[PDB]
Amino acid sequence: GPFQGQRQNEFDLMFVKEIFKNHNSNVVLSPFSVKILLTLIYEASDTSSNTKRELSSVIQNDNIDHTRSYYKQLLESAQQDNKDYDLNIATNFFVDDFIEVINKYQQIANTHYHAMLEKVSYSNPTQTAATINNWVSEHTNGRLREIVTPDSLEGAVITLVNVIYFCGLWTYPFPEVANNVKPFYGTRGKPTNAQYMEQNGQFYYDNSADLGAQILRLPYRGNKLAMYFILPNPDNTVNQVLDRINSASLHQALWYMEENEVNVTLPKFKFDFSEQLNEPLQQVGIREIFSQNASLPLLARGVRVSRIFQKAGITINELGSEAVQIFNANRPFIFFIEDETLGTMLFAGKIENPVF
């Protein structure tokens, strides 16, 4: 069942806010993985000053040994090998040839953050882009195929790349209704038509006057993973609910959710999203690790990260992902997937127009 603790998402939601307010399309990312990226970058700096201050909300109590077992544990729970779903989170440093990579940092990277470093030649932008993009395919089973093009590597010394993959089954699937199309009344444009799936059942639900939105919980098998949909109220937009969501406003709204009989109508969707995270990371104040006086002494022998790339994909259908109260998601709505044993925000996204 649902998570009864307190989530460490003060930063995760700050970051979601920034992305969502810069994209009038569908979005999907992994806030937990962005935190892994920022901590791999902390491990590599000599501060392991301002960098210390800016990463306050990502590092556990200025004690590296806790940072590592913390992020190591959340990772192991999410990706725990079970017979009901498969979730994989993968990070890799693509390092230019003239950079001497320290083995112990590779050792840290593999052990505590499920990460790697790999040597490439940016002198052959095509062979390198090929190597990255085939790795992206190797560790997402083909769900994702490409994240960089040779043009996006210009000036690249180090390119930090993170993706995430998910395949799971609903505890309670929907009936197949071949011909179940209805309107979707999004913000931009005239309405559109989208494929829906319907069922009635017992699900955690609540209507939050605080955030002015409804909340639904759809669980996956494996006794670990559940998907939350947050659908604003008819008189309210997505950006309006966001401006109200913080760590405590969101904690209370999910606590109020107990099972009720729900009529659930949800638009099927299938898509993927990518952004280069340097520019939004500086908007939320993480700027020091991007200055010209920025170093990586514990990664390379005495340079910074050139570009940070992340990409995820998400699907929901009648059987899952990659497979009386009314919750009728026929307008824009937010979603996220969470490790319900610990509250890790593995996925987070939004539907501005659901296509499949």
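Counting begins at 1, following the sequence as shown.
A.B. asks: Are any deposited residues left out of the model between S48 and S49, and how many (none, 1 to 3, 4 to 9, 10 or more)?
C.D. replies: Going from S48 to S49, the model skips 4 to 9 residues of the deposited sequence.
A.B. asks: So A323 and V324 are neighbours in the shown sequence, but is anything from the deposited sequence left out between them? Give the count as none, 1 to 3, 4 to 9, or 10 or more.
C.D. replies: In the deposited sequence, 10 or more residues between these two have no coordinates.
A.B. asks: Check the entry's C-alpha temperature factors for 309-317 and 26-34, then say which stretch has the higher mean.
C.D. replies: The deposited B-factors put 309-317 ahead on the C-alpha mean.
A.B. asks: If you average the CA temperature factors over each stretch, which comes out higher, 254-262 or 121-129?
C.D. replies: Averaged over C-alpha atoms, the B-factors run higher in 121-129.
A.B. asks: Name the residue from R188, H114, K224, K182 with the greatest C-alpha temperature factor listed in the entry.
C.D. replies: Out of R188, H114, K224, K182, the record gives the largest C-alpha B-factor to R188.
A.B. asks: Out of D86, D272, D235, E198, which residue has the highest Cα temperature factor in the PDB record?
C.D. replies: Top of the list by C-alpha B-factor: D235.
A.B. asks: Looking at the entry's B-factor column for C-alpha atoms only, identify whether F174 ranks in the lowest, middle or highest third of its chain.
C.D. replies: Bottom third by C-alpha B-factor.
A.B. asks: Within this chain, which third does the Cα B-factor at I108 fall in: lowest, middle or highest?
C.D. replies: Lowest third of the chain for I108's C-alpha B-factor.
A.B. asks: What third of the chain, by the recorded C-alpha B-factor, contains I19?
C.D. replies: Ranked within chain, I19 CA B lands in the middle tercile.
A.B. asks: Splitting the chain's C-alpha B-factors into thirds, which one does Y71 fall into?
C.D. replies: As the PDB entry reports it, the C-alpha B-factor of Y71 lands in the lowest third of its chain.
A.B. asks: Quick check on the deposited entry: does the C-alpha B-factor of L231 sit in the lowest, middle or highest third of its chain?
C.D. replies: According to the entry, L231 has a C-alpha B-factor in the chain's middle third.
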